[PDB]
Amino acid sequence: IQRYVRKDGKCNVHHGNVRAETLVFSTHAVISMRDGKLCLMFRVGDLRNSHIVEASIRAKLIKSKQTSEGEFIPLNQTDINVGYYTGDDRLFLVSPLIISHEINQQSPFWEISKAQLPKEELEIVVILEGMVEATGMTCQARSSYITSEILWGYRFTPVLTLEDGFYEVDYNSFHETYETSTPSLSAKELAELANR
């Protein structure tokens, strides 16, 4: 067992680092199962040469909508749950993380099947905020996934290995994903199938 973090709070990541450069999100999001739940996931990278303090991730679904009364809200925003209720949206971001949105009854993907996904006109905006530890300054980084950038039935390739007491990141694999056996039903349909 080789420490991620030393008792003195130094991280055993990126040997020879010195902990302006910009934060990377994965080009694609993926949907697939984790412990029996359908989840939407995307990857967020760290800053090789600074800690980000009070780092937090949020995500908005951007989607035009009509209310039952006929009000048309172009580009309507709604907050997509990525750990808000348990503090898991507060990141310890010292190597890349896969951020997971569990597609449950409160999720806007609840009723979206694999066939249905491509027909949807929607966009996920991902927003990381924090304080660059050196800089002193609050920062925000953003990205976006439209429908065609969400891969149904895929997982992220892992980036992290241990070399000589220090965890290292294959940034070559950062955006890489692979196919895995995944149902094609919506989360709602899965839940209904499961409940008889």
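One-based numbering along the sequence shown.
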Quiz item: Residues with no coordinates between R19 and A20 in the deposited sequence, how many: none, 1 to 3, 4 to 9, or 10 or more?
Solution: 1 to 3
Quiz prompt | Mean C-alpha B-factor comparison - 25 to 33 and 167 to 175, higher one | solution = 167 to 175
Exercise. Decide which of the stretches 59 to 67 and 156 to 164 has the higher mean C-alpha B-factor, going by the entry.
Key: 156 to 164
Quiz item: Based on the PDB record, which member of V44, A134, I127, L40 exhibits the highest Cα temperature factor?
Solution: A134
Practice problem: For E120, return the chain-relative third of its C-alpha B-factor as stated in the PDB record: lowest, middle or highest. | Solution: highest
